[PDB]
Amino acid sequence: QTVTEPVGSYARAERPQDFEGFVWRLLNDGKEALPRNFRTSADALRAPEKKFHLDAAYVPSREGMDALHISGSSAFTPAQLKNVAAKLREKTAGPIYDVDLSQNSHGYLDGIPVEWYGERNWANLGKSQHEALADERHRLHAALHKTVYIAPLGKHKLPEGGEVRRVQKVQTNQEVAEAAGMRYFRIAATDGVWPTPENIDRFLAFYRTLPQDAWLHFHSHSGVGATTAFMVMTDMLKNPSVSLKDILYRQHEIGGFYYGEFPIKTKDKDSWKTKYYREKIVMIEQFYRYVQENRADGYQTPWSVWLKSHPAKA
């Protein structure tokens, strides 16, 4: 019968072989001291971005913020992560986690953070976390003592310039995190789309294990879409008394994405993104509902089970 694919799971209808990886893309040139979009739940709010059409004078409740203990950023060189860790240490005496949100195969070649890139950044689309992590290990390791082309992308998201090098060292994301004094947790979530129910179940089960003074540093590709998603989830889960509006505004105003509805004006070039943007907005609301309606336990029912019997609507 139906649905073939429910709201929250639109990406399952896309075809993986149409998006296979073809180049090692540079994640950061390492010039700056910190990764891009670095931000912390202890930071002061800034004015919202114009594109979102929000009242710059609305001040969301800061209730829960000082105890939230989360941060986000884009990808980083190992030195940049050490800089991150030193900054987070000033704010907490607890275990600091790098929470790595990327489904794609990624790591470090001669210390250079790289990702195996396919169109739309969907090189591991459809792979289980097991399958995605296996590809990663095989592919990083195959690079050692071999010549690779690593480049940034430019016009039409194709390789432009870059360098070619014969790799003398390979490191995993866990290795780079460990070296900076951070614990590591991986969630293999596809870039650009709402995380699968399994992605979220896995985060929730991990969240439940954490010591209360754990600090979560989320990172993804550009440290905007996916990082804000999980920051928002953590914020709601840990602070269920604050309104949906206040969570969305405050997470946006410390420098993340705004996950509420806004005048979405994409190009014809990125017309494919429109339904995924709209899916994310609906699902953020659904997860708010999950938090609100399952707060009476316990959270006896996991997200994926609750969601299956409480579908969001288009």
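Residue indices: 1-based, along the sequence shown.
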What stretch has the higher average Cα B-factor here, 290-298 or 17-25? 290-298
Between the two ranges 79-87 and 230-238, the one averaging a larger CA B factor in the entry: 79-87
By the entry's C-alpha temperature factors, tell me which of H69, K265, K273, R250 sits highest. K265
Using the temperature factors in the entry, find which of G192, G161, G118, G94 has the highest value at its Cα atom. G161
Lowest, middle or highest third: which one holds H138 when the chain's residues are ordered by CA B-factor from the entry? middle
Please rank the C-alpha B-factors of the chain's modelled residues and tell me whether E261 sits in the lowest, middle or highest third. highest
Record-listed C-alpha B factor of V282: chain third: lowest
Ranked against its chain, the third holding the CA B-factor of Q171: middle
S73: C-alpha B-factor third of its chain, per the entry, is the lowest
